[PDB]
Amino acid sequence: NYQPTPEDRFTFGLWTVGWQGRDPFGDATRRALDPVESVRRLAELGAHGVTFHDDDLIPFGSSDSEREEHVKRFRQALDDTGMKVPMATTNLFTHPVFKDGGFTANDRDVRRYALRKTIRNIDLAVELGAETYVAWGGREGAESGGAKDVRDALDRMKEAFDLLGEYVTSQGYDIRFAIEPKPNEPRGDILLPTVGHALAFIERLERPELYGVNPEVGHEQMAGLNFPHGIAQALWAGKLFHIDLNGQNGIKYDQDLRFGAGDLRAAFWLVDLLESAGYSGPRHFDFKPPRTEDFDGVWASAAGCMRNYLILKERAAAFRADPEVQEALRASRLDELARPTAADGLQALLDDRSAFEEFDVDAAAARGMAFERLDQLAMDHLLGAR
């Protein structure tokens, strides 16, 4: 019955199940959770691990002794449960000092502080076993046009990521970075607003091999984009280092619904792609149990994230394995799509009369793609209506 186990690599941020329910118009509806209790409850649900921002694990402004004790208790919870910490990140968005950004703040002293804060937490992430270090620059951007020269900001962003790369290399760390795009919220427009923009930016870094993307379902959907398509481009680039899974109902504030909620068919095609491509990273949920829920509803919502992934995995696998679907894929020429256009080379193509002079465009145009039959087979598989 779609029961998750640690082998499924499901992970959750401390800040997900720990979200107290404050929104722009509302006070908290739930008490803060001790990270130790979240680690235990998530393990009981079949999670593999957790993730953290610095300030989720150690309250901002903690003394060294307080820091040591927070980490010691967390380590004990990991040891008590067998949970892992595959990813960590920095909070460069909550404190009012970051109101115009961390790495791209107009104030240079803030940019330097943001880097120091990040570096401190990279060390801790490595200590706790993380393989990936996420950077979500939620405050990088603007509400107005004069406030932020974007070329200058990208220069500062590159400078910051290059320094972080220099740092991890200098320490001999194996950890890699994953840049998380988002189009807007909390800034009017956020820099690196989509998977594409982040992929493009990485190519200008000094050591691009150290950086990939951490796409989030709802973020791409906040720009009305196709999340599976963006994931495909990230995979094509060799840059899908981590992923954030959740749900979103279209173009609006980021909802962070449990995975499977929001756009259900996009969730199906996403799981199909991740599984077909052999993505081996964490299946990480960056979601918020709605603030309508109590403590029991938090765990139900977390359980639902994993359940929905597993149902979709089953249905996508059944779709791909069905001989009738395999026939439909051939009827729609998906096999042809995967063959080179012109392995014969440019001159051969130029000399090939079947490619122009004697190409029967009308006969080709008349051939239906048979995509609707294929898609209804996909629908039938998703719904268990075969």
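Don't overthink the numbering: it's just position in the shown sequence, from 1.
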{"item": "58-66 versus 33-41 - greater average Cα B-factor per the deposited record", "value": "58-66"}
{"item": "Residue range whose averaged C-alpha B-factor is higher in the record, 89-97 or 166-174", "value": "166-174"}
{"item": "Criterion, highest CA B-factor; candidates, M369, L374, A366, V17", "value": "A366"}
{"item": "Out of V361, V325, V50, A331, highest CA B-factor residue", "value": "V361"}
{"item": "CA B-factor ranking of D79, expressed as a third of its chain", "value": "middle"}
{"item": "Record-listed C-alpha B factor of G102: chain third", "value": "middle"}
{"item": "Entry-reported Cα temperature factor of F10, expressed as the chain third it lands in", "value": "middle"}
{"item": "Ranked against its chain, the third holding the CA B-factor of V126", "value": "highest"}
{"item": "Modelled-residue ranking by C-alpha temperature factor, third containing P208", "value": "highest"}
